[PDB]
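See structure below.
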Ligand SMILES: Nc1cccnc1-n1cccc1
Ligand SMILES: Nc1cccnc1-n1cccc1
Ligand SMILES: [Cl-]
Ligand SMILES: [Zn+2]
Ligand SMILES: [Zn+2]
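Residue numbers (the deposited numbering): 273 to 312, 317 to 344, 356 to 409, 419 to 455, 473 to 584, 588 to 792, 800 to 891.
Right, dumping it as structure tokens:
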């Protein structure tokens with residue numbers, strides 16, 4: 273406890289020694305409180325996307341999205368010894384499989400610097425600190441302190474997103490960045506994972522899982538996954554260090570011990589004082605390490621749920637000596653096959669188990685604290701009989717046959733959600749040019765991922781017609804972030820580079836690229852058939868001209884005649 277976090281706490285105490293006060297009216301039960309001190317971000321609308329989607333101005337599901356804890360301050364119980372054993376055996380085996388064709392390695396100041404230049408989500421800005429050299433001296437001090445087994449400045453800031478100072482992020486990136494930078498959770502490497510795979514590949518992956526013999530597809534969400542990470546989970550995650558050596562092992566061990574398995578956080582409370593609180597359990601790391609370790613622990617949880625359904629062990633209360641031999645031998649004999657029956661993206665999963673015994677195999681899942689969302693604790697899971705109805709990564713997936721017989725598996729979600737998000741820009745000081753270029757990024761994403769939705773292909777063509785042809789899409800895989808012809812990009816992604824497409828014959832026109840059935844488009848939220856939508860489509864050039872007149876005398880390209888109706 274206080275020996276590991278005290279130094280961090282002792283340092284913040286002094287930088288505010290003229291405000292420190294052990295407040296007796298503090299709202300924490302499960303978080304340890306240490307003291308307070310005196311201290312003191318809305319969704320803006322994207323005017324270019326909103327002027328080109330007028331029919332949606334009167335649709336509350338779109339317009340309410342731009343307007344405007357219980358779970359964080361809860362406690363998870365210690366799993367039983369059978370559960371703790373199931374996890375340790377499974378984790379040990381999983382780090383070895385993930386490590387068979389990969390080498391753990393430190394990420395570098397050079398790599399870290401390149402990422403800060405490219406606007407990755409990780419002195420005014422980071423760019424400046426990286427150029428400066430005192431920062432790196434500060435980094436060096438902490439780094440040598442971590443080699444000593446002590447921490448001074450690796451403190452979280454709550455807002473649930475856990476901002477640290479850039480120096481702490483580098484030390485995180487140094488030891489643990491390899492998980493993401495070297496694609497440990499790629500499908501090729503982890504078999505369950507989809508890291509780097511892209512939204513145009515997730516549907517094909519779900520359809521490949523569907524091809525396996527077995528029961529329903531299960532897609533159970535965990536209620537507040539990050540808050541249900543136990544200290545036993547953090548200790549199985551720490552076992553990645555068993556595969557490291559030299560400095561790297563030491564540095565990785567310090568991240569896990571000092572920043573993950575012990576945490577110090579500063580919270581804005583309005584009553588305005590800053591609460592220096594600590595706790596051991598729960599997920600609190602950087603987003604990228606959070607994504608990879610969530611994937612890891614989810615793959616582990618789901619293999620164990622699969623073991624329970626298949627009768628590999630009888631009870632979580634305690635594993636017999638022989639049951640350990642059985643688990644290990646299961647993992648050795650069928651482990652890789654069982655991983656291939658899953659698609660796991662952080663806390664999000666789809667599992668096609670051997671049979672439907674999986675549906676009521678709930679003792680390990682509940683005892684690990686991975687409690688299902690929106691279903692009673694002991695009520696069996698409801699599975700999906702058709703891969704095209706399975707939810708994954710906020711989407712479902714359609715099978716769409718081209719006029720030439722080739723098969724597209726395309727991503728889809730309710731259209732209100734897509735238009736509502738396109739109409740929102742985060743941050744201050746956006747110029748008209750920067751707002752336009754963000755609208756162009758949404759438009760090009762729609763042309764590539766959602767071309768099959770009538771409204772989005774028409775709105776995408778309108779935004780690309782309204783924004784100067786050579787302006788570069790911005791956002792403060801992502802193939803839509805380019806100035807290349809979207810037809811050329813479409814042909815690369817869907818035909819040339821698509822391993823599910825045998826016939827590589829290029830498409831020569833947007834008109835060869837199909838839509839969903841008209842009824843299926845309305846089911847997924849299309850306005851096709853409404854008078855508002857008909858007036859919008861008929862008069863689109865008037866909307867395009869409005870936005871061109873606001874931006875001014877620039878070079879523009881008409882993309883509307885790419886669609887049959889506007890082709891005279
Ligand atoms: N790759 C990585 C590792 C550790 C922390 N942060 C990152 N990151 C976040 C956005 C882009 C890169
Ligand atoms: N992957 C995902 C999840 C939630 C929202 N949007 C996305 N997306 C849309 C296009 C590409 C990615
Ligand atoms: Cl179904
Ligand atoms: Zn530190
Ligand atoms: Zn759909």
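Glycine included, each C-beta is placed from N, C-alpha and C at the ideal position.
In chain order, the residues that have a beta carbon nearer than 6 Å to some heavy atom of ligand 5 are 712, 714, 728, 847. Of the candidates 497, 426, 499, 454, 426 places its Cα closest to the Cα of residue 480.
When C-alpha distances from residue 603 are compared across 489, 681, 559, 673, the shortest belongs to 489. From the listed residues 700, 621, 725, 698, the smallest Cα separation to residue 683 is found for 621. Here the alpha carbon of residue 857 sits roughly 16 Å from the alpha carbon of residue 776.
Contact annotation: the region 493–509 touches the region 610–617, with at least three C-beta pairs closer than 8 Å. In the DSSP assignment, residue 717 falls within the unbroken beta strand (DSSP E) covering 712–717. When DSSP states are grouped into helix, strand and coil, residue 886 belongs to the coil group.
Taking the C-beta atoms as reference points, residue 817 is found nearer than 8 Å to residue 724. Within the region 680–744, the runs of beta strand (DSSP E) that reach at least 3 residues and sit entirely inside it are, in chain order, 712–717, 723–728, 740–742. Residue 603 has its Cβ nearer than 7 Å to a heavy atom of ligand 1.
A distance below 6 Å between beta-carbons, with the five flanking residues on each side excluded, links residue 759 to the following residues of its chain, in chain order: 776, 779, 780. Residue environment: residue 792 is assigned as exposed (fewer than 16 neighbouring CB atoms within 10 Å of its CB, all protein chains considered).
Contact annotation, residue 657 with residue 644: C-beta distance approximately 19 Å; criterion of less than 8 Å not satisfied. For residue 867, same chain residues with a beta-carbon under 7 Å away, outside a window of 5 residues either side, are 778, 781, 782 in chain order. Residues of the same chain with a CB within less than 7 Å of the CB of residue 371, apart from the 5 flanking positions on each side, are 545 in chain order. Taking the Cβ atoms as the reference, residue 363 lies roughly 6 Å from residue 597, within the contact range of under 8 Å.
Under the DSSP assignment, residue 581 falls in the beta strand (DSSP E) whose first and last residues are 576–582. In chain order, the residues that have a beta carbon nearer than 7 Å to some heavy atom of ligand 4 are 438, 441, 442, 447, 448, 449, 450, 481, 484, 571, 572.
Residue 885 is positioned such that its CB atom lies closer than 8 Å to that of residue 833. Among the bridge pairs identified by DSSP, residue 293 is matched with 308.
For residue 535, the pairing in a beta bridge is given by DSSP as 688.
The count of Cβ pairs closer than 8 Å, one atom from the region 749–757 and one from the region 532–547, stays below three, leaving the stretches out of contact. Per the C-alpha coordinates, the member of 408, 423, 484, 406 positioned closest to residue 436 is 484. Going down the chain, each residue whose beta-carbon is closer than 6 Å to a heavy atom of ligand 3 shows up: 700, 701, 702, 705. Counting along the chain, no alpha helix (DSSP H) covers residue 659; the unbroken beta strand (DSSP E) around it starts and ends at 658–661.
Bounds of any alpha helix (DSSP H) do not take in residue 447, whose DSSP letter is neither H nor E. Straight-line spacing of the CA atoms in residue 740 and residue 338 works out to 10 Å.
Summarising the contact set, residues whose Cβ lies nearer than 6 Å to any heavy atom of ligand 2 are, in chain order, 512, 709, 710, 761, 765. Not one heavy atom of ligand 1 sits closer than 7 Å to the Cβ of residue 498. At a Cβ-Cβ threshold of 8 Å, residue 532 and residue 700 count as neighbours. Counting only residues of its own chain and dropping the five nearest sequence neighbours on each side, residue 804 has a CB closer than 8 Å to the CB of 757, 760, 789, 791. Annotated as proximal: residue 738 and residue 325, with beta-carbon spacing under 8 Å.
Taking C-beta atoms under 8 Å as the contact rule, residue 322 and residue 627 fail to qualify, at a distance of about 54 Å.
When distances are taken from the beta-carbon of residue 409 to the heavy atoms of ligand 1, the shortest one is below 7 Å.
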